[PDB]
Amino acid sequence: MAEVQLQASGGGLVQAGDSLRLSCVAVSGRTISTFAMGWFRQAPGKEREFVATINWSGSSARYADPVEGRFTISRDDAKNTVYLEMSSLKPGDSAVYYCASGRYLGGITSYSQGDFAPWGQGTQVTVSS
């Protein structure tokens, strides 16, 4: 396989209803600009889940149904970082969060796992009741 080129951070232990802010940074020359981007999550003992996708320009975003209304995806191409702003967190939002590079000049309609690559190292988010 390859070295990690995307790295997520900002995870921690939080209580229900608290908000957290995650970042995923392209490294080692990787750029996110003019590429769509995604956030995915793995709950313990559970499959990878689409969380959010933001298109190449930032105009448009799609969220998973559970995350709808509570998470907000953002991008800063100058710093090569994507962001997931999480609010009114629930114990079920407890998981490993990582981002992935999406398709060139894409967005929204492409929210499948095959629509992203490479994949980032994740950051653990834990929510207590």
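All residue numbers are counted from 1 along the displayed sequence.
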- Of the two stretches 34-42 and 80-88, which shows the higher Cα B-factor on average in the entry? 80-88
- Query: On average, are the C-alpha B-factors higher in 58-66 or in 95-103?
  - Reply: 58-66
- What third of the chain, by the recorded C-alpha B-factor, contains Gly114? lowest
- Query: Once the chain's modelled residues are ordered by C-alpha B factor and cut into thirds, is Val125 in the lowest, middle or highest one?
  - Reply: middle
- Message: Quick check for you: using the entry's CA B-factors within this chain, is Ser23 in the lowest, middle or highest third?
- Response: middle
- Task: Sorting the chain's modelled residues by C-alpha B-factor, tell me whether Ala8 ends up in the lowest, middle or highest third.
- Result: lowest
